[PDB]
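In what follows, every heavy atom counts, from backbone to side chain, and hydrogens, waters and symmetry copies are set aside. Chain letters run A, B, ... following the sequence lines, proteins first, then strands; residues in each count from 1.
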Amino acid sequence: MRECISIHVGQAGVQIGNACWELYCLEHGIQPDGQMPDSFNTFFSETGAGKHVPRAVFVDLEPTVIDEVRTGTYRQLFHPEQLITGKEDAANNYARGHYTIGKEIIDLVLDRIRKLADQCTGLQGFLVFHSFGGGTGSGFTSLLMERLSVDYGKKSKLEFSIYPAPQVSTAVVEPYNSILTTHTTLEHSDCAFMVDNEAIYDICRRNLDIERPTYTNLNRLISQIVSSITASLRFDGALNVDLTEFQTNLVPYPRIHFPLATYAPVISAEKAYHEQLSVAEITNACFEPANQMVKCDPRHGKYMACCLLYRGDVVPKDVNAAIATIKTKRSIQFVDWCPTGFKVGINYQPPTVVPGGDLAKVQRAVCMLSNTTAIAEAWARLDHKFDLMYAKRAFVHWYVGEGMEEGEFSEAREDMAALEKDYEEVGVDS
Amino acid sequence: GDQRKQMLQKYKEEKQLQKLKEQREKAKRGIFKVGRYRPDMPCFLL
Amino acid sequence: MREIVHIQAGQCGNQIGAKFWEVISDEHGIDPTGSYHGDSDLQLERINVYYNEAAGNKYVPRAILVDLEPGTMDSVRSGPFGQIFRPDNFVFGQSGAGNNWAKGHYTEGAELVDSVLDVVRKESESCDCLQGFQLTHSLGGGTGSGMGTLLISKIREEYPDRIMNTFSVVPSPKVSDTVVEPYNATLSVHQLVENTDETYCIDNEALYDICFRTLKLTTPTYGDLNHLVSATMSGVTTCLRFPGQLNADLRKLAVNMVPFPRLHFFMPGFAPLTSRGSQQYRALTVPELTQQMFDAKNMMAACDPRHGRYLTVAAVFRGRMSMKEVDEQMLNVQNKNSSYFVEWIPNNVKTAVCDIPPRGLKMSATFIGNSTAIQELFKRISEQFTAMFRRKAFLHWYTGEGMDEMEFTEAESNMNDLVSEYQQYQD
Amino acid sequence: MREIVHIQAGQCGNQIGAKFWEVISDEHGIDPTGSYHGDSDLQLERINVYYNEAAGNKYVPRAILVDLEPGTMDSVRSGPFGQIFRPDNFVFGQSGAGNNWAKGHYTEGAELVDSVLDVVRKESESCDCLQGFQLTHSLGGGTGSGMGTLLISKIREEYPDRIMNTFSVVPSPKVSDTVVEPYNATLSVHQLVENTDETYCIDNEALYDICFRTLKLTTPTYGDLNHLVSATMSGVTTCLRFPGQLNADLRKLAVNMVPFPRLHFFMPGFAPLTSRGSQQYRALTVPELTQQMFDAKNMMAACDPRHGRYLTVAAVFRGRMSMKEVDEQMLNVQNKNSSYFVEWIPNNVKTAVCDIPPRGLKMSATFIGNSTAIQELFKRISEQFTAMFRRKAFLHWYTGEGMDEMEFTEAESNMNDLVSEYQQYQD
Ligand SMILES: Nc1nc2c(ncn2[C@@H]2O[C@H](COP(=O)(O)CP(=O)(O)OP(=O)(O)O)[C@@H](O)[C@H]2O)c(=O)[nH]1
Ligand SMILES: Nc1nc2c(ncn2[C@@H]2O[C@H](COP(=O)(O)CP(=O)(O)OP(=O)(O)O)[C@@H](O)[C@H]2O)c(=O)[nH]1
Ligand SMILES: Nc1nc2c(ncn2[C@@H]2O[C@H](COP(=O)(O)OP(=O)(O)OP(=O)(O)O)[C@@H](O)[C@H]2O)c(=O)[nH]1
Ligand SMILES: [Mg+2]
Ligand SMILES: [Mg+2]
Ligand SMILES: [Mg+2]
């Protein structure tokens, strides 16, 4: 029982899933070929004798990264029908990923998801990995999420997305796709975790003193975040956090389901010896505006609800002490209508380290996921870029020619505007 | 100069008309072609 | 799987395509006899994009070699790697255009082009999932410009949903090979405005200037120019042919660089380019690749970007590289030079990174830039055309071949409209 | 066991038959002396379809060598594999038909048909289970056209339930060798319409076009044309001579390609046909066989299939091949070219697959197609006949030995009626 299915859409989703599954295989002792020389039943299904297949699915409209997986060192882990491949890429087009190219591959991936969901008896929910910038990771993710909403319904849907940075972005037509995918993620998602590549870069440069980090380090960090998310369900702890409890504690209003994830301590090997990494100090470092993996300022935001996921040699009393110290700090403020806003989860098992990784082995680790109003500013400048590009109707034909109209561009715009209005009116004092 | 641009519009219209007539004549019978299958997608319970 | 059909029109187009096939067989490890002698499986995991599996564990290009003189065909076949091409793809006439766009587009090229359409049809039907076509041609002659333009029109009519690529060399005012270059260029650019999905404006001035000041090459022949164009052509599709941290096929560049359908004329560029004597005095790092890409001298069209505004910029990187510093370099480029980038498009630069570098280099970059500075390349052509058009100069050849003066008038009007739209998007 | 009696009439028929026996003895491993020297045991269980058992492990063909000029049989015997034939099967007169259907049918054909029928009676009664006859002849001369028509008629009253197969070279407007071709062709068609179960309309024009554009053969003699015809003749009986996944004898092709008894004129073909230099660059799979065998240039008749509709087609495949690929290729041909196939006959393709390929090739296909393009091939002969018949041109020859104007009138009427019914079923 107590299973959850991972969905990886787009190049970003597939690479993050590769990192996540390498981390999971390291965690549970499963070799890359599937043999383990219990608790692994959450993410792996035992087939026959001595064979574990991950409860995953890899979807792309282009065959580059999927065939890289099919020829990589984890080629024996996944069966071929688990990795679904298109022919022509969505090419950074929400229209192409949603209407023209996504329509002939959605049925097969939904069939695979169905055959993967009836196999397990305690399906907690889905983990969709994607990116807002990509045409596939926006359009096909929106299509798959609405199909999952109409099919499964009350099953939890948790998604991990790579939100574009204010300044560090690699696509010109990016804001269009980012607005469009959120227009449906507002209603087809239960909890959308937000990650900026620029913030990962800043953390890598400062904390891990990596001068030239690439996407593999980013995916390793995101994999550590997801592992800390699912550790309370894949192991035992003093305080256990389930996905339903996570949603209940973190989401105050149905449209407000965009928390910001932070992870600590994320330090190099040479810097770990000089630091006596206590629970109180990593808890403090979680609230540091420099350690957020979303490029935003919590100081000008207001916290609404935060979930503290601890793993390692952690006892509840020092957690209570750290939370009490956090409450006494005036720089971190909470909304009035939430007198208690800390969901606490303690797990005994410590976070493992991937060989060749940049992170150092730590006795304790914290993954705080705070639902705050600091992402209103993120939505604000994404919307400003969208308006500023849409005033001249640039790149609009590249969407109109693929079964799409300007009217829904405007409706996505006004839906985003209603979203910032919602955040503003829930952030006010009473 | 207005007469010149009027003749420009007329010439473009005539060229478009003859091109459309040729396209209509061609579309009546497609040219013989041969290729692979492109198999139809399987249907699933839904 | 996203395979590309290659076509060469005219003498320049044929030579550039032959050099491109040589360098891309070197990249994929295909010997001059056609068999595979590579070392990595990545050289064959995307071999179908450009090559057709022939019987005997060997490969033939998906290329159709087109001209109106058999001499260029013989020259291409006789040279190195010239045996790899399939003999029936060699389509040629006997008369030649004679620098007449009319003879290349209305009478003799029109008579020949049915065979070319048949060959490209069987090539497009033999392959699995075609994504588009690419054509290499000139604009000064009649064979390349006129007949390749006709071929583009026919292909767009037959394949309206596929992407068109044209690595087209445009005439320039100083190195002007022939007398009727602006006539041919204007007539070709007419249909290249609408029948081509994106066009790469190249010209011999910028190539010669690179070979002078960048490569420090004393007497560069056409071979080095063709090698530069071939390297850019390979770097455009290296994301299709090889994996990478961030993939970008030609359609993705098309949607990220063409805000409005008529603005798809780009200035290509390649980095790094260093002389032999300065190879050891230069550092192997990404910021200097960015500086070499974004400076005016590395452009392969005789347009100074400082006189215009960049609309969209592509940078297809190759090799084991870090993403953070690449994104930081692009951010610094867009910040220090905000005046040279269009203001109503945030994030003017699209970045793609491939992991497999070109042979002999551990790091390379391809610059593809859509800027309003292209408009002056059409200003010079238009003013040369207008100078010869007021006096009816050289028009009797085209008129006797079957054209009319109003065709020239409307082609000029089309180019003037394109120039005006570039100017009013420059602001 | 399902034996076939072979008859060759006229010089052209004897040449094509000699080449056919060459290629058949190559297939079955029979030496120039007639004794078995093959390697596979599959070459002997179906040796009786074309050969008879002689004393001392010797194989003699079931061939009748018919002509009026003894020089033709002198040449056939003197050539290679020519001594394999039975000496008394050679039947000959002394005069020669003189390019006259009239003398080949009435005045010196008749005295020889008695002996020919005696020989074929002996051969047919010798064989165990006869299935039909094969006749090779041309329609231009008097021996071939006239006496072969007479022989076909005589066989028809003597063996009406056995299948009548003929391989007839028809005259062409470009390749015209004799002046009275329209007369002989029309008079011969007047009897092939109702006396033959299937007629393979060969012509020299299409064979020369093959040897030019397909095979790239510099100087095609009659040997190569006869080689192509022999390849088609071997293809139509491979299923009789060898096992296979799908087996189709002559009667099965006849029942699958003759919706109405008078439409039994088939347009033959073969695949693959490759140039010596170009065969090295060609992938060799079922789809490329399919695209070659359905190409209008590959066809062995001077009539474009695109000008008409396919009533039925046959694909007698040979070699170890997948049945899914073959049937799917036929399906794709039928679907994407629905305008070129008759709508009132679903599944216009008859497919057979053998496993023993021709020597030197691992797979081959014989295209047979019952199209409506035969109407124009017959209208050419009809209009030439009408032009030569209004003015009574050359009629004094045919009238000199028994023929009359009404026979010519009825032959023209029959050909016009057949053209009209092909037009009717074309719609
Ligand atoms: N970059 C290159 N430019 C070339 C090359 N060959 C020619 N050219 C230039 O191209 C221009 C003329 O192009 P071509 O000679 O190919 C003309 P084409 O054969 O297409 O037309 P016709 O001459 O009317 O048959 C002129 O400026 C030449 O100097 C080459 O290999 N590379
Ligand atoms: N495809 C071939 N056509 C041939 C061959 N030999 C002759 N022919 C053609 O046949 C046509 C006329 O047929 P023939 O010359 O054999 C006349 P035949 O001997 O049947 O009658 P007479 O000579 O009038 O007695 C003419 O166009 C020749 O070029 C051959 O080996 N192959
Ligand atoms: N953090 C992180 N982000 C990535 C990674 N790979 C791609 N991205 C992000 O994904 C965005 C583009 O989407 P992609 O995943 O690359 O492409 P896609 O989702 O398949 O959609 P298409 O553009 O149509 O191919 C870029 O802006 C990147 O920021 C990765 O490995 N790690
Ligand atoms: Mg992608
Ligand atoms: Mg030329
Ligand atoms: Mg004769």
For the [atom1] atom on [X], are there more than 12 heavy atoms of other groups (residues, nucleotides or ligands in this structure) within a distance under 6.0 Å?
{"X": "D:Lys336", "atom1": "NZ", "value": "yes"}
{"X": "C:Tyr340", "atom1": "OH", "value": "no"}
{"X": "A:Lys103", "atom1": "NZ", "value": "yes"}
{"X": "B:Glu14", "atom1": "CD", "value": "no"}
{"X": "A:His384", "atom1": "NE2", "value": "no"}

Which residues share a salt bridge (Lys or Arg N to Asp or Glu O under 4.0 Å) with [X], sequence neighbours left out:
{"X": "A:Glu411", "answer": "none"}
{"X": "A:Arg112", "answer": "none"}
{"X": "B:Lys15", "answer": "C:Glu407"}
{"X": "A:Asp422", "answer": "A:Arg255"}

Kindly write out the residues that satisfy side chain to side chain donor-acceptor pair (under 3.5 Å) with [X], not counting sequence neighbours, or none if the list is empty.
{"X": "A:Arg381", "result": "none"}
{"X": "C:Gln426", "result": "C:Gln375"}
{"X": "A:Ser156", "result": "none"}
{"X": "A:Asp196", "result": "none"}

Once rounded to the nearest 0.5 Å, what's the spacing between atom [atom1] of [X] and atom [atom2] of [Y]?
{"X": "C:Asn347", "Y": "C:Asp327", "atom1": "CG", "atom2": "CG", "answer": "9.0 Å"}
{"X": "A:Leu388", "Y": "C:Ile345", "atom1": "CG", "atom2": "CD1", "answer": "9.5 Å"}
{"X": "C:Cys239", "Y": "C:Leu253", "atom1": "SG", "atom2": "CG", "answer": "7.5 Å"}
{"X": "C:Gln423", "Y": "C:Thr372", "atom1": "CD", "atom2": "OG1", "answer": "7.5 Å"}
{"X": "A:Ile256", "Y": "A:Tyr423", "atom1": "CD1", "atom2": "OH", "answer": "5.5 Å"}
{"X": "A:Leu116", "Y": "A:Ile5", "atom1": "CG", "atom2": "CD1", "answer": "4.5 Å"}

Would you sort out whether B:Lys12 and C:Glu410 count as a salt bridge (charged side-chain N to carboxylate O under 4.0 Å, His left out), showing the intermediate values? CA-CA 8 Å; B:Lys12 290 170 70 176; C:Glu410 60 89 19; over 6 Å; no
Within the 4.5 Å heavy-atom criterion, are [X] and [Y] side-chain neighbours or not?
{"X": "C:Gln131", "Y": "C:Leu240", "answer": "yes"}
{"X": "C:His264", "Y": "C:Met257", "answer": "no"}
{"X": "C:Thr199", "Y": "C:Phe266", "answer": "no"}
{"X": "C:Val236", "Y": "C:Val316", "answer": "no"}
{"X": "A:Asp60", "Y": "A:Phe140", "answer": "no"}
{"X": "C:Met267", "Y": "C:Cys201", "answer": "no"}
{"X": "A:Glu408", "Y": "A:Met404", "answer": "yes"}

Single hit among A:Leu148, A:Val57, A:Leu143 for side-chain contact (heavy atoms from CB on, under 4.5 Å) with A:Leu110: A:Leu148
Identify which one of A:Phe193, A:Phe126, A:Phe129 satisfies the side-chain contact (heavy atoms from CB on, under 4.5 Å) criterion when paired with A:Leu158. A:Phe193
Taking the six-membered ring for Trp and the full ring for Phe, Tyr or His, determine whether the centres of [X] and [Y] are under 6.0 Å apart.
{"X": "C:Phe260", "Y": "C:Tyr425", "result": "yes"}
{"X": "A:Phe409", "Y": "A:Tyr399", "result": "yes"}
{"X": "C:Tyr422", "Y": "C:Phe378", "result": "no"}

Determine, step by step, whether A:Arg114 and A:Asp111 satisfy the salt bridge (charged side-chain N to carboxylate O under 4.0 Å, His left out) criterion, reporting the C-alpha distance in whole Å, the side-chain angles of both residues, the deciding distance to 0.1 Å, and the verdict. CA-CA 5 Å; A:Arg114 186 273 304 278; A:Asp111 194 13; 2.5 Å; yes
Which atom pairs, one a donor and one an acceptor, fall under 3.5 Å between side chains of residues 88-96 of chain A and the rest of the protein, sequence neighbours left out?
from	atom 1	to	atom 2	distance (Å)
A:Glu88	OE1	C:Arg251	NH2	3.3
A:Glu88	OE2	C:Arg162	NH1	2.9
A:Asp89	OD1	A:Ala91	N	3.4
A:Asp89	OD1	A:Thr136	OG1	3.4
A:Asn93	OD1	A:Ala95	N	3.4
A:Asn93	ND2	A:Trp398	O	2.4
A:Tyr94	OH	A:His98	ND1	3.4
A:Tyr94	OH	A:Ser142	OG	3.4
A:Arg96	NE	A:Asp89	O	3.3
A:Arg96	NE	A:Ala90	O	3.1
A:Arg96	NH2	A:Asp89	O	2.7

Which residue pairs pass the salt bridge (charged side-chain N to carboxylate O under 4.0 Å, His left out) test when at least one of the two sits in residues 162-191 of chain A, sequence neighbours left out? none
Salt bridge (charged side-chain N to carboxylate O under 4.0 Å, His left out): pairs with one or both residues in residues 385-394 of chain A, sequence neighbours excluded: A:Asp387-A:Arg413
Review item, side-chain donor-acceptor pairs of residues 38-46 of chain B, under 3.5 Å, at least two apart:
from	atom 1	to	atom 2	distance (Å)
B:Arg38	NH1	C:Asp128	O	2.3
B:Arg38	NH2	C:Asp128	O	3.1

Would you call the rings of A:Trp337 and A:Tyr253 parallel, tilted or perpendicular if under 30° counts as parallel and over 60° as perpendicular? perpendicular
Going by atom types alone, do C:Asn247 and A:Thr64 pair a side-chain donor with an acceptor below 3.5 Å? yes
Examine the side chains of A:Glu377 and A:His300 and answer whether a donor and an acceptor come within less than 3.5 Å of each other. no
Candidate list B:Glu13, B:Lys5, B:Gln6, test side chain to side chain donor-acceptor pair (under 3.5 Å), partner B:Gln9, passing option: B:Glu13
